[PDB]
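The structure appears below as structure tokens.
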Amino acid sequence: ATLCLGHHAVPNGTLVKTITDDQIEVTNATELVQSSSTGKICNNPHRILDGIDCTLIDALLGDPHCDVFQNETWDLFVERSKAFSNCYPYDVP
Amino acid sequence: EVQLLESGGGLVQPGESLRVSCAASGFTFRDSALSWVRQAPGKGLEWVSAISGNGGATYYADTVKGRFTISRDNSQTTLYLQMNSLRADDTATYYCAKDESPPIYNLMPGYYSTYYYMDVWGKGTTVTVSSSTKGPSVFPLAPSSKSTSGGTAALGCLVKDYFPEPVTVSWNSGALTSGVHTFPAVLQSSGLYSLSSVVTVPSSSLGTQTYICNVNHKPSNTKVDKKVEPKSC
Amino acid sequence: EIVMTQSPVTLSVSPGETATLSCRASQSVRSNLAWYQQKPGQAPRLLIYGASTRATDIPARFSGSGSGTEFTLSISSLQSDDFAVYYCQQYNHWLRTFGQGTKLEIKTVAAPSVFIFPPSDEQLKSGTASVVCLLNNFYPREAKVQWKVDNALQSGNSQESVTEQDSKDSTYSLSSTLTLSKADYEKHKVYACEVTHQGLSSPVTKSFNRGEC
Amino acid sequence: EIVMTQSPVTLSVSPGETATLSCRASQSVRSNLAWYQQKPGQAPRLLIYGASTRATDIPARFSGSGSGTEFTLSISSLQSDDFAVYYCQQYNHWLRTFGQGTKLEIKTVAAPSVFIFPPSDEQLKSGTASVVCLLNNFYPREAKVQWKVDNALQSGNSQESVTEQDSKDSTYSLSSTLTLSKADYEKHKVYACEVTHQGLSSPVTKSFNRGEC
Amino acid sequence: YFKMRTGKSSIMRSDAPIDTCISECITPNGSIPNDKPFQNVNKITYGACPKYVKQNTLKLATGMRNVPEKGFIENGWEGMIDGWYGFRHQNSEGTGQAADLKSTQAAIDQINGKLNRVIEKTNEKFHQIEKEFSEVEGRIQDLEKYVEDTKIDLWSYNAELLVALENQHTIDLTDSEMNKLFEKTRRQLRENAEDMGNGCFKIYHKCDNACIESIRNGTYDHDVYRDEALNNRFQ
Amino acid sequence: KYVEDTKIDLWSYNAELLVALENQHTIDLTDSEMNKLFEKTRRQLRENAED
Amino acid sequence: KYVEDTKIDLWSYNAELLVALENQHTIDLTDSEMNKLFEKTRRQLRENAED
Ligand SMILES: *[C@@H]1O[C@H](CO)[C@@H](O)[C@H](O)[C@H]1NC(C)=O
Ligand SMILES: *[C@@H]1O[C@H](CO)[C@@H](O)[C@H](O)[C@H]1NC(C)=O
Ligand SMILES: *[C@@H]1O[C@H](CO)[C@@H](O)[C@H](O)[C@H]1NC(C)=O
Ligand SMILES: *[C@@H]1O[C@H](CO)[C@@H](O)[C@H](O)[C@H]1NC(C)=O
């Protein structure tokens with residue numbers, strides 16, 4: 001009688017890096033680097049506050065189009081590039 | 001549906017053995033793991049043991065390490081748990097539960113993924129380990145004075161002296177559910193539990209309706225349907 | 001082999017407020033910490049697993065948070081049916097352990113509707129007549145119930161049975177069973193269960209005579 | 001098993017300007033990337049090895065660079081003799097692979113001088129008469145040539161032969177040979193070569209009758 | 001006056017639209033899942049986010065060394081779906097195959113254990129320092145760019161060295177689980193069979209299907225066949 | 001605050017990975033020395049005993 | 001000064017730890033190739049010779 005021993009093998013596997021081999025084939029691997037994105041900022045769980053048309057300092061001062069942002073709490077204020085200032089010209093040292 | 005039902009259990013004396021089944025029905029293809037979790041009457045939960053697809057477990061809590069042995073029969077899709085050398089503190093409602101892991105773990109589908117949370121819980125089977133299976137004596141509770149209070153009257157039944165829990169109680173074969181209050185069992189100093197179930201219905205139905213409490217005690221197969229009438233005076 | 005300690009043992013929170021629970025754990029645990037909602041008379045239900053991540057089709061008011069050692073569970077908008085007990089398990093040491101448990105209460109101070117129940121004739125013929133005093137619908141759970149038989153207090157033969165908090169009106173119900181013999185019952189005339197509650201201006205007492213309804 | 005892709009397939013760069021080449025490589029490769037300059041009719045010659053280290057006694061105008069995946073090759077001062085094809089290899093997983101190759105072009109739309117050619121009598125007696133049409137001196141190489149026999153368009157019997165670009169006037173030449181049998185040739189009367197070019201206002205067509213020069 | 005409080009709040013410049021979903025991590029490109037230890041979308045992140053590294057892909061081995069066709073065996077067994085390590089036999093009844101559940105589980109547990117070590121909860125960072133700049137500010141801005149770029153290049157080395165070591169140890173631990181499995185049964189039949197030099201044992205005695213199963217589940221008593229196998233070896 | 005916070009988090013990983021690697025290698029080297037001891041006495045008995 | 005001194009001291013640990021692990025593995029792997037060769041010829045002889 002004969003009793004052979006061996007391991008499983010996949011028809012096509014993934015290549016990984018090791019200390020000695022740069023491209024060595026294994027049966028299974030997982031990606032640790034998150035490279036894909038949904039493209040959209042999920043409003044939850046963090047209380048996302050869309051800056052829309054003004055910056056945070058513009059809402060702090062009280063620009064006419066930013067009266068809605070008064071007494072508004074936020075976990076993360078998101079400034080848009082489309083922001084602008086309509087009120088009196090100012091500068092903050 | 002991922003339903004699973006626990007069968008067996010009951011009253012055992014200390015030092016005896018007991019096997020509890022768990023019919024794994026539904027979504028579980030049973031290449032996924034399963035566990036047993038007991039909770040003692042009034043006490044917190046406790047993980048007992050686990051089993052994987054095929055025989056990758058083993059894995060028993062230190063409280064029951066040498067006493068319990070978990071078994072799996074995939075051909076009939078049933079999970080077992082042989083509880084040998086039972087002690088007093090083993091009295092608990094043994095729950096059968098499915099175990100799920102994050103998809104990153106569990107490389108080969110059949111084998112044990114060491115990081116499991118239980119998502120699907122079973123109905124549970126009550127196992128009592130003590131030293132006597134008495135049938136409950138049902139005594140009705142009649143209202144006194146004049147319509148108890150006035151606009152609403154109260155009446156109930158007394159389930160005194162029985163062993164062990166539980167006792168099923170309904171009113172008028174389940175047709176009466178509104179206003180019913182089923183109280184928890186209280187172990188008397190004699191050692192036999194006592195239960196009371198009362199219902200508050202308006203006094204306008206004191207005479208036009210005959211109320212019957214349908215007490216069922218399967219552990220001792222005693223099912224009394226006592227009549228509750230106002231005290232004749 | 002890895003103990004879990006929940007704090008506190010029981011908390012009282014008004015409906016609507018956020019109830020923050022604790023699950024302190026010896027050693028380090030991060031990848032797994034499951035929260036459960038075991039309502040009385042039912043099996044536990046999975047709420048959050050691995051911390052943070054909540055279970056399928058459970059309300060968004062159940063929030064989970066925790067890194068290691070310290071873990072928290074906050075219920076945003078509290079409902080009257082949330083009177084369940086909450087537990088926390090974890091990984092691993094190959095051996096999952098559960099928490100001790102955190103009882104959650106709801107809340108208006110309701111006054112007990114006292115009702116007396118004389119022993120039935122069938123129980124009188126048995127040899128031991130037990131008088132029952134009901135306290136239907138009341139909050140909070142604390143209720144000092146005393147038995148007075150013939151203007152004399154009786155202690156040692158009464159047992160207090162309290163139900164779990166209700167899922168809708170959030171009111172408890174108490175019952176006291178005064179166990180006495182057949183001759184010990186007929187020995188006295190008037191039976192009155194003295195009831196004193198937190199929200200009770202005067203001690204309401206309901207009584208009845210022997211041989212008359 | 002580690003494919004290499006050079007971009008573009010061919011690039012036009014005036015003499016003296018810097019010509020940047022691309023050698024995109026699937027999977028990481030850093031320690032080895034050799035550039036080669038294979039002039040037509042000769043063996044390849046090593047330029048750069050590793051990534052930036054150039055070979056011995058080669059001009060300093062050849063520059064090399066690149067990270068793991070993206071590689072570049074820039075020729076600073078371009079000369080007329082740099083009309084060679086460039087290749088890039090890499091390492092390794094025991095198997096060395098070469099690139100596709102990047103032809104280096106250097107630097108008026110010319111009109112194709114169409115010429116027809118009837119089959120000779122020696123070819124007619126063989127049994128298969130093939131008519132030939134010449135497009136001498138024209139740019140660009142793109143030239144849509146169509147055969148029209150007894151006015152009928154003929155496809156599946158024609159073969160396009162195009163020269164390399166000329167070293168002086170830089171004009172291509174094209175020849176099409178419509179192979180037909182002895183009876184298939186006498187079957188029809190007039191043979192016309194419908195020639196359409198990029199810089200052609202109207203489709204120039206030259207034709208001849210059968211039995212008359 | 002404004003009410004002064006100190007908390008987890010922050011600010012970030014982004015043009016990504018807001019959607020009604022859940023995500024612990026938020027980037028100027030959009031929310032990304034923090035299930036992975038590292039990310040390559042953007043260095044500006046808010047909340048529980050993976051560590052930004054230069055690498056675009058870092059495969060972590062969750063399996064074993066793959067050999068389909070031409071160390072001890074010429075190739076692995078593609079027909080094994082019930083486990084990682086298994087047996088094959090040519091006995092008197094026929095030819096069968098079965099997996100060793102304990103060796104497969106032991107190899108999965110080591111990978112599952114380190115898999116948790118690599119994906120352990122990532123850093124939770126809220127209000128940090130700005131890493132993108134609109135115009136040149138000189139010395140202060142040059143330091144801020146240097147502080148962050150240093151942190152990135154150091155983390156990139158920490159991540160790329162991690163996958164190399166973890167995968168090198170992954171192949172070593174899985175290959176050693178088979179060396180121990182071949183050594184397990186090698187001790188089972190000491191001088192009842194001999195190593196053929198290719199991963200197969202030449203059992204010199206009559207061994208049926210149940211006898212093969214006795215070797216598989218670890219109940220093979222060599223003394224039963226020791227009087228038989230030894231005679232077939234030297235005669 | 002960021003420079004110091006960055007310095008700490010990088011050293012925390014440098015130390016956490018250190019003890020993880022060294023303890024693994026400590027267990028690895030101790031188990032090997034046991035195998036090296038069992039292999040030492042195994043060579044002393046070429047065919048005088050069996051494992 | 002602090003940012004640079006941090007970068008230096010952190011890279012020095014990265015380099016010192018690298019040469020120690022790579023050299024240890026180098027000595028570890030070379031001894032295995034010697035053992036594999038001993039095991040290779042050991043499989044050929046079977047019971048025709050003894051270690
Ligand atoms: C794996 O995929 C590639 C396809 O290019 C090829 O080698 C073959 O079809 C598959 N199987 C094996 C064993 O290589
Ligand atoms: C690879 O491993 C993952 C777990 O990370 C598992 O879900 C998947 O089924 C495996 N696939 C293969 C082909 O091994
Ligand atoms: C993310 O956005 C930045 C610009 O802020 C851009 O440079 C980068 O390529 C983007 N990456 C992805 C993965 O979208
Ligand atoms: C091992 O397999 C043999 C052959 O089927 C069987 O007789 C024996 O009972 C098995 N033992 C165990 C422990 O499974």
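Chains: A, B, ... in order of the structure tokens. Residues: from 1 per chain. Ligands: from 1, in order shown.
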Check which residues fall inside 8 Å of ligand 3 when counting only C-alpha atoms and all ligand atoms, and print them as a list in words.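 Counting only C-alpha atoms and all ligand atoms, the residues within 8 Å of ligand 3 come out as residues 35, 36, 37 and 39 of chain A; 14, 28, 29, 40, 41 and 42 of chain E.
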On all C-alpha atoms matched in order, how well does chain C superpose onto chain D? Give the RMSD in Å.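 Rounded to one decimal, the C-alpha RMSD is 2.6 Å.
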Compute the set of chain B residues within 8 Å of chain E, using only C-alpha atoms, and express it as a VMD selection string. chain B and resid 55 to 56 105 to 108 110 to 114
Selection above as a file: C-alpha atoms, as a PDB file, in the first residue's frame:
```
ATOM      1  CA  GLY B  55     -14.672  18.869  14.001  1.00  0.00           C
ATOM      2  CA  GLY B  56     -12.593  21.982  14.636  1.00  0.00           C
ATOM      3  CA  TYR B 105     -11.288  35.775   8.630  1.00  0.00           C
ATOM      4  CA  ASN B 106     -12.527  32.232   7.938  1.00  0.00           C
ATOM      5  CA  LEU B 107     -10.129  31.282   5.144  1.00  0.00           C
ATOM      6  CA  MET B 108     -11.414  27.772   4.378  1.00  0.00           C
ATOM      7  CA  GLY B 110     -15.605  24.754   6.846  1.00  0.00           C
ATOM      8  CA  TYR B 111     -13.009  25.402   9.523  1.00  0.00           C
ATOM      9  CA  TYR B 112     -13.133  27.498  12.688  1.00  0.00           C
ATOM     10  CA  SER B 113     -12.832  31.277  12.409  1.00  0.00           C
ATOM     11  CA  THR B 114     -11.516  32.214  15.846  1.00  0.00           C
TER      12      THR B 114
END
```
Chain F residues near chain G (10 Å cut-off, only C-alpha atoms) as a PyMOL selection string: chain F and resi 3-4+6-7+10-11+14+18+21+42-47
How about saving the chosen residues, N, CA, C and O atoms kept, as a short mmCIF file (atom, residue, chain, number, x, y, z; two decimals), in the first residue's frame?
```cif
data_model
loop_
_atom_site.label_atom_id
_atom_site.label_comp_id
_atom_site.auth_asym_id
_atom_site.auth_seq_id
_atom_site.Cartn_x
_atom_site.Cartn_y
_atom_site.Cartn_z
N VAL F 3 3.74 67.20 15.97
CA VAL F 3 5.06 66.58 15.89
C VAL F 3 5.25 65.58 17.02
O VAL F 3 5.71 64.46 16.80
N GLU F 4 4.87 65.96 18.25
CA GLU F 4 4.98 65.04 19.38
C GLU F 4 4.00 63.88 19.24
O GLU F 4 4.37 62.73 19.49
N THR F 6 2.80 62.65 16.51
CA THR F 6 3.33 61.78 15.47
C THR F 6 4.49 60.94 15.99
O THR F 6 4.56 59.74 15.74
N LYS F 7 5.40 61.57 16.74
CA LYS F 7 6.55 60.85 17.29
C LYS F 7 6.11 59.70 18.18
O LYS F 7 6.71 58.62 18.16
N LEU F 10 4.43 56.66 16.19
CA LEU F 10 5.40 55.87 15.43
C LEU F 10 6.24 55.00 16.35
O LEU F 10 6.54 53.85 16.02
N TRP F 11 6.62 55.53 17.52
CA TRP F 11 7.35 54.71 18.48
C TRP F 11 6.47 53.64 19.10
O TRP F 11 6.96 52.55 19.42
N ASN F 14 6.64 50.99 16.73
CA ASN F 14 7.99 50.43 16.75
C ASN F 14 8.18 49.50 17.94
O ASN F 14 8.86 48.48 17.83
N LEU F 18 8.05 45.41 17.91
CA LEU F 18 9.27 44.84 18.47
C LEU F 18 8.96 43.66 19.37
O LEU F 18 9.48 42.56 19.18
N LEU F 21 7.53 40.68 17.43
CA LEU F 21 8.51 39.91 16.67
C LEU F 21 9.45 39.16 17.60
O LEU F 21 9.73 37.97 17.39
N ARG F 42 18.87 11.68 18.83
CA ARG F 42 18.40 10.80 17.77
C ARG F 42 19.53 10.31 16.88
O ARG F 42 19.51 9.17 16.42
N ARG F 43 20.53 11.16 16.64
CA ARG F 43 21.67 10.76 15.83
C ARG F 43 22.58 9.80 16.58
O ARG F 43 23.29 9.00 15.95
N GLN F 44 22.58 9.85 17.91
CA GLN F 44 23.43 8.96 18.70
C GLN F 44 22.99 7.51 18.60
O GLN F 44 23.80 6.61 18.86
N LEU F 45 21.74 7.26 18.23
CA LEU F 45 21.19 5.91 18.08
C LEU F 45 20.78 5.76 16.62
O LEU F 45 19.63 6.02 16.26
N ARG F 46 21.73 5.36 15.78
CA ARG F 46 21.46 5.24 14.35
C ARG F 46 20.34 4.24 14.08
O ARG F 46 19.34 4.57 13.44
N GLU F 47 20.49 3.01 14.59
CA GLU F 47 19.42 2.03 14.53
C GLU F 47 19.27 1.30 15.86
O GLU F 47 18.68 0.21 15.90
#
```
Find the residues near residue 168 of chain B: any atom within 12 Å, counting only C-alpha atoms, skip ones fewer than 6 places away on the same chain, and give them as number ranges by chain. B: 136, 159, 174, 182-185, 195-197, 213-219, 221-225
Fit chain F to chain G: least squares, all C-alpha atoms, paired in order; write the output as a compact mmCIF listing (two decimals) with N, CA and C atoms, in the first residue's frame.
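Saved as selection.txt:
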```txt
# COMPACT_ATOMS: atom_id res chain seq x y z
N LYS F 1 14.93 71.62 14.90
CA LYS F 1 15.94 70.69 15.39
C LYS F 1 15.32 69.41 15.92
N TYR F 2 14.11 69.50 16.48
CA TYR F 2 13.46 68.31 17.04
C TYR F 2 12.89 67.42 15.94
N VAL F 3 12.28 68.02 14.91
CA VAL F 3 11.73 67.23 13.81
C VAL F 3 12.83 66.41 13.13
N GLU F 4 13.97 67.04 12.85
CA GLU F 4 15.08 66.33 12.24
C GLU F 4 15.67 65.30 13.20
N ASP F 5 15.87 65.68 14.46
CA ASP F 5 16.40 64.73 15.44
C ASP F 5 15.47 63.54 15.60
N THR F 6 14.15 63.78 15.62
CA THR F 6 13.20 62.68 15.69
C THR F 6 13.28 61.81 14.44
N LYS F 7 13.37 62.43 13.26
CA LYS F 7 13.45 61.67 12.02
C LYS F 7 14.67 60.76 12.01
N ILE F 8 15.80 61.23 12.53
CA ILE F 8 17.02 60.44 12.49
C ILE F 8 16.91 59.25 13.43
N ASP F 9 16.49 59.49 14.68
CA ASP F 9 16.43 58.42 15.67
C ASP F 9 15.47 57.32 15.25
N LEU F 10 14.39 57.67 14.54
CA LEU F 10 13.46 56.64 14.08
C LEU F 10 14.04 55.84 12.93
N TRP F 11 14.75 56.50 12.02
CA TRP F 11 15.40 55.77 10.93
C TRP F 11 16.58 54.95 11.44
N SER F 12 17.28 55.44 12.45
CA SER F 12 18.38 54.66 13.02
C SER F 12 17.89 53.33 13.56
N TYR F 13 16.73 53.34 14.23
CA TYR F 13 16.15 52.09 14.69
C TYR F 13 15.62 51.27 13.52
N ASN F 14 15.02 51.93 12.52
CA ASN F 14 14.53 51.21 11.35
C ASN F 14 15.66 50.48 10.64
N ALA F 15 16.85 51.08 10.62
CA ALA F 15 17.99 50.45 9.96
C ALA F 15 18.64 49.42 10.87
N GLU F 16 18.79 49.74 12.16
CA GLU F 16 19.41 48.80 13.09
C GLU F 16 18.58 47.53 13.21
N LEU F 17 17.26 47.67 13.32
CA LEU F 17 16.39 46.50 13.34
C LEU F 17 16.41 45.77 12.00
N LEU F 18 16.57 46.50 10.90
CA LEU F 18 16.59 45.88 9.58
C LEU F 18 17.76 44.92 9.45
N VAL F 19 18.98 45.41 9.71
CA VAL F 19 20.16 44.56 9.57
C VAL F 19 20.13 43.43 10.59
N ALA F 20 19.58 43.69 11.78
CA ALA F 20 19.48 42.63 12.78
C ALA F 20 18.56 41.51 12.31
N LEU F 21 17.40 41.87 11.74
CA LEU F 21 16.46 40.86 11.27
C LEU F 21 16.98 40.16 10.02
N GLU F 22 17.48 40.93 9.06
CA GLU F 22 17.89 40.34 7.79
C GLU F 22 19.11 39.45 7.96
N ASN F 23 20.06 39.86 8.80
CA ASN F 23 21.23 39.02 9.02
C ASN F 23 20.85 37.74 9.75
N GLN F 24 19.91 37.83 10.69
CA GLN F 24 19.43 36.62 11.36
C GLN F 24 18.76 35.69 10.35
N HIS F 25 17.91 36.24 9.49
CA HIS F 25 17.24 35.42 8.48
C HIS F 25 18.21 34.92 7.42
N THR F 26 19.24 35.70 7.10
CA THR F 26 20.26 35.23 6.17
C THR F 26 20.96 34.00 6.73
N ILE F 27 21.37 34.06 8.00
CA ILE F 27 21.98 32.90 8.65
C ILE F 27 20.97 31.77 8.76
N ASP F 28 19.71 32.10 9.04
CA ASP F 28 18.68 31.07 9.15
C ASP F 28 18.46 30.37 7.81
N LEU F 29 18.35 31.14 6.72
CA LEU F 29 18.05 30.52 5.44
C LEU F 29 19.24 29.73 4.90
N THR F 30 20.46 30.17 5.19
CA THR F 30 21.63 29.42 4.73
C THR F 30 21.75 28.10 5.47
N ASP F 31 21.51 28.11 6.79
CA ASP F 31 21.54 26.86 7.54
C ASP F 31 20.43 25.92 7.10
N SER F 32 19.26 26.46 6.72
CA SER F 32 18.17 25.60 6.28
C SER F 32 18.50 24.93 4.95
N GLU F 33 19.10 25.68 4.02
CA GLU F 33 19.47 25.09 2.74
C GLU F 33 20.49 23.97 2.91
N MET F 34 21.32 24.06 3.95
CA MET F 34 22.21 22.95 4.28
C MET F 34 21.41 21.75 4.78
N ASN F 35 20.46 21.99 5.69
CA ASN F 35 19.58 20.91 6.14
C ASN F 35 18.77 20.36 4.98
N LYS F 36 18.31 21.23 4.08
CA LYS F 36 17.57 20.77 2.91
C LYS F 36 18.45 19.96 1.97
N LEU F 37 19.75 20.26 1.92
CA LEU F 37 20.66 19.45 1.13
C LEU F 37 20.93 18.11 1.80
N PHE F 38 21.15 18.12 3.12
CA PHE F 38 21.34 16.87 3.85
C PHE F 38 20.08 16.03 3.85
N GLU F 39 18.91 16.66 3.85
CA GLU F 39 17.66 15.91 3.80
C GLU F 39 17.40 15.38 2.39
N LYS F 40 17.93 16.06 1.37
CA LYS F 40 17.76 15.58 0.00
C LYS F 40 18.46 14.25 -0.21
N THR F 41 19.76 14.21 0.09
CA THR F 41 20.51 12.97 -0.04
C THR F 41 20.06 11.91 0.95
N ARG F 42 19.46 12.31 2.08
CA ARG F 42 18.96 11.33 3.02
C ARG F 42 17.78 10.55 2.49
N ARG F 43 16.92 11.21 1.70
CA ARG F 43 15.78 10.52 1.12
C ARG F 43 16.19 9.59 -0.02
N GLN F 44 17.33 9.88 -0.67
CA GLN F 44 17.79 9.03 -1.76
C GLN F 44 18.22 7.65 -1.28
N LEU F 45 18.55 7.51 0.00
CA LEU F 45 18.96 6.24 0.59
C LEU F 45 17.93 5.90 1.66
N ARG F 46 16.85 5.23 1.25
CA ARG F 46 15.78 4.91 2.19
C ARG F 46 16.29 4.04 3.33
N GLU F 47 16.91 2.91 2.99
CA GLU F 47 17.57 2.07 3.99
C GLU F 47 18.94 1.60 3.49
N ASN F 48 19.51 2.28 2.49
CA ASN F 48 20.80 1.89 1.96
C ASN F 48 21.97 2.43 2.77
N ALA F 49 21.72 3.41 3.63
CA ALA F 49 22.76 3.97 4.48
C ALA F 49 22.11 4.56 5.72
N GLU F 50 22.95 4.97 6.67
CA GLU F 50 22.49 5.53 7.93
C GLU F 50 23.25 6.81 8.25
N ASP F 51 22.58 7.72 8.94
CA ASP F 51 23.19 8.98 9.34
C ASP F 51 24.16 8.74 10.49
```
Got a sec: who's within 7 Å of segment 152-166 of chain E, counting only C-alpha atoms, leaving out chain neighbours fewer than 5 positions off, as a PyMOL selection string? (chain A and resi 17-19) or (chain E and resi 52-55+58+60)
Give the residues close to ligand 4, within 7 Å, counting only C-alpha atoms and all ligand atoms; write them as number ranges by chain. E: 210-211, 213-214, 217-219
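DSSP secondary structure from the backbone places residues 62, 63, 64, 88, 89, 90, 172, 173, 174, 203, 204 and 205 of chain B of segment 48-213 of chain B in helix (DSSP H, G or I).
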Contacts with ligand 1 at most 6 Å, only C-alpha atoms and all ligand atoms counted, listed as a ChimeraX atom specification: /A:11-12 /E:68
Write out as a PyMOL selection string each polymer residue whose atoms come within 12 Å of segment 200-208 of chain C, counting only C-alpha atoms; drop sequence neighbours fewer than 3 positions from it. (chain B and resi 143-146+148-149) or (chain C and resi 109-119+131-135+138-140+142-151+188-197+211-213)
Enumerate, as JSON, numbers by chain, the complete set of residues in segment 16-209 of chain C that a backbone-based DSSP assignment places in strand (DSSP E). {"C": [19, 20, 21, 22, 23, 24, 25, 33, 34, 35, 36, 37, 38, 46, 47, 48, 62, 63, 64, 65, 66, 71, 72, 73, 74, 75, 85, 86, 87, 88, 89, 90, 102, 103, 104, 105, 106, 113, 114, 115, 116, 117, 128, 129, 130, 131, 132, 133, 134, 135, 136, 137, 138, 143, 144, 145, 146, 147, 148, 149, 153, 154, 158, 159, 160, 161, 162, 172, 173, 174, 175, 176, 177, 178, 179, 180, 181, 191, 192, 193, 194, 195, 196, 197, 205, 206, 207, 208]}
Near residue 86 of chain E, counting only C-alpha atoms, which residues have an atom at most 6 Å away, once you skip same-chain residues fewer than 5 positions from it, shown as a ChimeraX atom specification? /E:98-100
Which residue out of B:104, B:80, B:186, B:142 has the minimum interatomic distance to ligand 2 when only C-alpha atoms and all ligand atoms are used?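 Comparing B:104, B:80, B:186, B:142 against ligand 2, the winner is B:104.
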At a cut-off of 8 Å, list the chain A residues touching chain E, using only C-alpha atoms, as a PyMOL selection string. chain A and resi 1-11+13+15-20+25-46+50+74-81
